[PDB]
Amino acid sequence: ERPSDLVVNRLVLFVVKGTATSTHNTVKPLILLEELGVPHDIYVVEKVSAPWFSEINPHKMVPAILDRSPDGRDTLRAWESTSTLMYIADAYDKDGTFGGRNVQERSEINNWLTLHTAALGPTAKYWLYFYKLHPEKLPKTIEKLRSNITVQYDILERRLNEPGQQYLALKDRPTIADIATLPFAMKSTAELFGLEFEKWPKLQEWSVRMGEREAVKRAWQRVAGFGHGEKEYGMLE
């Protein structure tokens, strides 16, 4: 049984209470919702271990999405941050502004999106797990994961040093590849990993360029505040 306040009249983005370490994945779909101006609700999950939530996301994490299918026949779900970006782009990015307009654009977008999904994303998550959450400290494992993060920054830096390559996938504009990468490739996160972000200057310039976008600013503000307003958990007003 779902909570009484969980209804799907539009896209519902599932998040947790905003903290330094709880927002770096949930901010990704929120950035794209803000960029495209998609109507949406915010549901603050008290416990991702709740049986009702595992029916939405079997991996028992945020972000997750419930939405009405375009024909209204089904309730659709998206879970895994990369999948939430793919879903929003499919349903709402009509012109492929962030999803890609043609096979050539999508070939590069999917390369840099998947690189984050498979390499930096999971490496960063395992680094955080062993550094903070694992009952035993395994410094040899932590150091190897930190080393792997620097290799991923090296790859992103190489790409952004190519002539006229202002963004990761396309030269001209940011895509879901850029949105997926940003939260794990910015000064604050680099400092958490114990890295000097200035040692990747084109990657830092790129992170500031993305950070100056109004949709990205709004997304970061809102994800920090969720659960700290008038309502702590459930459907926000």
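Residue numbers run from 1 along the displayed sequence.
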**Asked** For the stretches 110-118 and 95-103, which has the higher mean C-alpha B-factor as given in the deposited record?
**Response** 95-103
**Message:** Quick check on the record: does 188-196 or 27-35 carry the larger mean Cα temperature factor?
**Reply:** 188-196
**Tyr131 - which third its CA temperature factor falls in, relative to the rest of the chain** = highest
**Complete:** Among the modelled residues of its chain, the C-alpha B-factor of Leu170 falls in the third labelled middle
**Within-chain third of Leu13 by Cα B-factor, per the entry** = lowest
**Message:** Could you place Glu212 in the lowest, middle or highest third of its chain by Cα temperature factor, using the values in the record?
**Reply:** highest
**Item:** Chain thirds of CA B-factor: placement of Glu55
**Value:** highest
